[PDB]
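FYI, it's all coordinate maths here, none of it is from the lab. Note that each Cβ is placed from the backbone with ideal geometry, even for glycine, and that neighbours are counted across all protein chains shown.
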Amino acid sequence: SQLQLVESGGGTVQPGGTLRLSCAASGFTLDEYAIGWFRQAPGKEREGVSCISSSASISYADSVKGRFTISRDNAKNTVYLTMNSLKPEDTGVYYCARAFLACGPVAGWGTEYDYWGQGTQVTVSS
Amino acid sequence: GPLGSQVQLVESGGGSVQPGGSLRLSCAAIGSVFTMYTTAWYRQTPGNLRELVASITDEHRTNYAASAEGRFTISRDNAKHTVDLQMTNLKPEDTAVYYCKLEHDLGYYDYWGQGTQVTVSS
Amino acid sequence: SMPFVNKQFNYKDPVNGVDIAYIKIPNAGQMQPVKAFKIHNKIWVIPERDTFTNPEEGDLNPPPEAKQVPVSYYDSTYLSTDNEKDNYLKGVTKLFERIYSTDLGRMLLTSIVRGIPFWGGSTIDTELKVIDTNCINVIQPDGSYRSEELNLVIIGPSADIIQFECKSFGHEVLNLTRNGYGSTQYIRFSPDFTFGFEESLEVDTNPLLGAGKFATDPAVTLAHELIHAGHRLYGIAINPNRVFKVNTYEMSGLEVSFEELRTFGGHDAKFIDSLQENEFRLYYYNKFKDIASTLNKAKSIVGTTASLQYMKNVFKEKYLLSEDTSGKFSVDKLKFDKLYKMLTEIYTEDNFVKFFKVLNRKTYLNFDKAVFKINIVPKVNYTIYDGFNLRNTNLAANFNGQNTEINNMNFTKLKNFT
Amino acid sequence: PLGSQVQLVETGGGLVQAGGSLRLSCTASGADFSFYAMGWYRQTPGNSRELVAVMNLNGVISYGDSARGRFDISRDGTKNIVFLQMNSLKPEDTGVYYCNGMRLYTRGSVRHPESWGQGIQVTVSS
Amino acid sequence: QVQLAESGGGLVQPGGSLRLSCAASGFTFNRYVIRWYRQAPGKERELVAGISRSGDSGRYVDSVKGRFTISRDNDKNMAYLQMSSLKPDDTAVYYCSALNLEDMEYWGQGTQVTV
Amino acid sequence: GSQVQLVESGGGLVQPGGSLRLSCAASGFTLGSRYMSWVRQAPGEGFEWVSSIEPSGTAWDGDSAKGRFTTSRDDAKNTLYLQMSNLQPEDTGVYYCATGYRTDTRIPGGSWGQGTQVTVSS
Ligand SMILES: [Zn+2]
């Protein structure tokens, strides 16, 4: 009923480690919403990470290909980001944002992402 | 009040046999436009990935995972809206919960069964 | 398991500018803003008599009596009070849920939600631009207004209450319902009435026998119009000048369009020749190729804060286009064939009758017998899963719920057409 | 212009003294059908177009304000031939009289524009 | 009754100029799109120009871009097709049409132009 | 047009049949670009929509305004007006200028003036 996006699954890992983030959606259905993952490190811009459209069309930022996998459980109305080979550079708060039907671009997106969560913290440090 | 799924995948069969034994899996799709779905069987063990075993299209074109080739046969009834998996020469490694998937051929949405246990042991 | 209409609307709920708001439709500048309800993404309901879409139908005055056809019904007072508008709104939402509760209806409504009218409105080929008649202006609580794209409006009927139809604004050079682009569809419809028909085919296809013993399930009627909207949103409607004369009387000169025959389905839809069928599919396969080409050559976008690549991806989602590693779009013939066959052969009135398990005219070439007042909003009268044929009552069998004699408390005959 | 194949050729206008009568006539050509309703409209100098008398094949007749009792409309069966017998004419009946033809339609049938004649002048002196 | 009366056509020399006009009556003109078609004796009808309801915007078939100009006067319910650089192919019967709702298209009588 | 201010004036004590002209000075946004509504409230009662005006300048009347009250706007002065005539005791109440079309309830994001008192008594 009420609109909500809740990221979870973050934490502190070491370089080379693994984390699976969750993005639980309420108030709307993934049958008609794309979900993109974003991250913001302290002092730098937001950057796109990956997006999975309503028909499960999938895209990745270059710096993340072969390391992260985005996936989806429509029955749970949840999108997941499984992150392997984490590097210090991957540190930051990770957010998921919905967009109607289709994914935006990895960079240069617009207002198509109309709602997002409070984020979940990912720290990668020795 | 509450609304249920538009389509119900009713799986049946499976069971427990010894190595080399046979078992049949079946799934009745209730209420679906069966024609616009690929029908597939998957299997999953706890903590592991749900993996494809076999799929078949509305025209009855089949696709088998390497493990299923030569021992499993998947079939489809477009009048009754059912999808069957006949397993033969079963091995302990085939032990898993088996799930039927109705996969919309245009990517609109999917339906998944509840899961049916298959146990192979001596 | 999520409802199609995820919120409870009452006609008197205050506006919020998002899913309850006063709206204006394009090029109806002198129209008064009307209260509207966004029951689902891309789908709005306006509980008003349609005096707006056609400027030559700007009031509810009937024609002179001699000029009214037998199958017509006029009551200028219908849908004038807040209580009727509340009941109309909840009747429409309930019908949407009934449709969405079948796999066929879920599928159709999914097609409708993703059938966004194409952004083909610029004189510059490489510039994506909305067409303004595929938008409404949505008035906000702060008094500002925002232009919003939408696929579907359900509106109350014009002076003829029973003239249910699916219309859309045209364009100076584009025939949007037949070039693959699509356009916003306005469906004049009412859930407050339904039509009497006859279980005997001999009688149902005779223009004067019987008085309409059985009541059409209004979910089928709505689904019928939604099937037209599906054809029109994907720009694959059959030209209305392709018709066939009703050869059973004849000097009346009555004709039905191929678009109608296709929409009804069943044995009807086999009157369309197999040679013509393949030709229509080829034509629209080429129109889908043209749209993918236009998208590949798109260099800019105007009139939105959304990115160009997102808007390109919107239409990849609509037409189910393939994309290669260069980002180029193409039409996959297997997916287009399935999409086309689904829109035209799967989505039919006859197939909705099979999924609803209701009694229904067996052919489009029948004759209306009566119009009844109904009230489907109370759950003791009509349900999402059963319509009138409530499975937990004596109305469960023999379509007793649609039998206007057995279930006579649920139907008031307003006019015999015979 | 496929509808422009139907033509409403109208005859029988002219001059008449007040109190006399005229008979207007209209035959349609190019129709593979029988009109559901046919009738007559008029337009008097400095005033808009108003219904005089129209009749449908079920026998329903509609009239403008002063027509019933004076003006009799008739039709040759189901043929597209219609007559207007205008008795007790008066000077303010002066104007142009147009033929009108309306095809039948049902809820599910194809719709067609209505047919209109070019008009013929009626002028009654006082 | 909706009527569209077109005129301004006739016999023209290659390179000559023409102004087609259409008088519209019987419908709410400023809510209708206006089109100009043409049809040679042995060829199917062809759309040549269309203008938005308000005169906002117009588009043209390729064969006439820069040579033909379509316009409308919503104060007088008039539409025009000003032509120039006429070519022996441009000879055909030219039709003006008006439409607001798709499939509800009102047609004019036609005017023959020869080059 | 984020920070919005609306200041009404023109209220007064009038005898039946009399006339008043209400005005509302708007600041912080372009008044001519919004739908605005005149609303009234009698003591202990709900809000009654009086009239609205569109960005285009078209005014629409509620029952109390019809044939009696003219709603208008001076774009350059960012000011809305309600010319009242043939006032009657039942017109008594506080009169507000409020953003939105057909406004008759306080809605988050809507802005209101402070109101001006209209009293019609003999
Ligand atoms: Zn239809």
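Taking amide H as placed 1.01 Å from N in the peptide plane, the amide H of A:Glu112 sits under 5 Å from that of C:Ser307, each at least 5 places away or on another chain.
For chain D, the equivalent ellipsoid built from the Cα gyration tensor has semi-axes of 26, 15, 13 Å, listed from largest to smallest. If you wrap the tightest convex hull around every Cα atom of region F:5-120 and split its volume per residue, you get 86 Å³.
Using Cα pairs under 8 angstrom and six or more residues apart, how large is the relative contact order of region E:3-113, in percent?
Relative CO of region E:3-113 lands at 35 percent.
Enumerate by residue number the trypsin sites (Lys or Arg not before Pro) in region B:10-116 meeting two conditions: DSSP loop (anything except H, G, I, E, B), and at most 13 other Cβ atoms within 10 Å of the site's Cβ.
Sites meeting the loop and neighbour criteria: B:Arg61, B:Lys80.
The residues packed around B:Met36, meaning those with a beta-carbon under 13 Å from its beta-carbon, carry a net charge of -4 if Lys and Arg are +1 and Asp and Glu are -1. Structural descriptor for region A:4-124: relative contact order 36 percent, calculated from alpha carbon pairs under 8 angstrom and at least 6 residues apart. Just to check, using Stokes-Einstein with a Kirkwood Rh over alpha carbon pairs, what's the diffusion coefficient of region B:1-56 at 20 °C and 1.002 mPa s in µm²/s? So the translational diffusion coefficient is about 154 µm²/s.
Among the listed pairs A:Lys65/C:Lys328; C:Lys245/C:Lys335; C:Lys35/F:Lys77; C:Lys270/C:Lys333; C:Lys7/C:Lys338; C:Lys38/C:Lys369, which have their C-alpha atoms separated by more than 26 angstrom in this model? C:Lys245/C:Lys335; C:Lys35/F:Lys77; C:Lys7/C:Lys338; C:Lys38/C:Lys369, as the Cα separations exceed 26 Å there. Note on E:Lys87/A:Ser8: beta-carbon distance plugged into 1/(1 + (r/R0)^6) with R0 of 56 Å gives a FRET efficiency of 0.20. Between E:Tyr94, E:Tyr80, E:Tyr60, the GNM of chain E built on Cα springs shorter than 10 angstrom shows E:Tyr60 fluctuating the most.
Cβ screening of the protein assembly as shown for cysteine pairs under 4.7 Å finds these without a partner: C:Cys135, C:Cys166.
Rg/Rh for the protein assembly as shown stands at 1.00; both radii use Cα atoms, and Rh follows the Kirkwood definition. Region C:279-356 and region F:70-122 have Cα centres spaced 51 Å apart.
Output the relative contact order of chain B, whole-number percent, from Cα pairs under 8 angstrom with separation of 6+ residues.
34 percent.
Could you pull out the pairs from C:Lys167/C:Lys362; C:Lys287/C:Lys318; C:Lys129/C:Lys318; C:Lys167/C:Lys297; C:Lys289/C:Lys341 whose alpha carbons sit more than 20 Å apart here?
From C:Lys167/C:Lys362; C:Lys287/C:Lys318; C:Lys129/C:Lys318; C:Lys167/C:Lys297; C:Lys289/C:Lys341, over 20 Å: C:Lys167/C:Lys362; C:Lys167/C:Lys297.
Applying the Karplus relation 6.51 cos²θ - 1.76 cosθ + 1.60 with θ = phi - 60° to region B:99-109 yields 3J(HN,Hα) values of 10, 8, 10, 9, 10, 4, 5, 10, x, 5, 4 Hz, where x marks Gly and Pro. Cα centroids of region B:45-108 and region E:37-115: 60 Å apart. Counting charges near A:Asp90 (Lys, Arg +1; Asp, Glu -1) among other residues having Cβ under 9 Å from its Cβ returns a value of +2. Ignoring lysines fewer than eight residues from E:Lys87 along the same chain, the ones with Cα atoms less than 22 angstrom from its Cα are E:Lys43, E:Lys65. Tell me, rounded to the nearest percent, the portion of alpha carbon pairs in region B:8-120 spaced more than 24 Å apart. Of all Cα-Cα pairs in region B:8-120, 18 percent lie more than 24 Å apart. Be a star and scan region A:6-28 for residues whose amide nitrogen sits under 12 Å from the point 7 Å along the Cα-to-Cβ vector of A:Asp73. Flagged as within label range: A:22-25. Electrostatic tally near D:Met86: other residues with Cβ closer than 12 Å to its Cβ, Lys and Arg +1, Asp and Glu -1, net +2. The share of alpha-carbon pairs in chain C lying farther apart than 29 Å comes to 46%.
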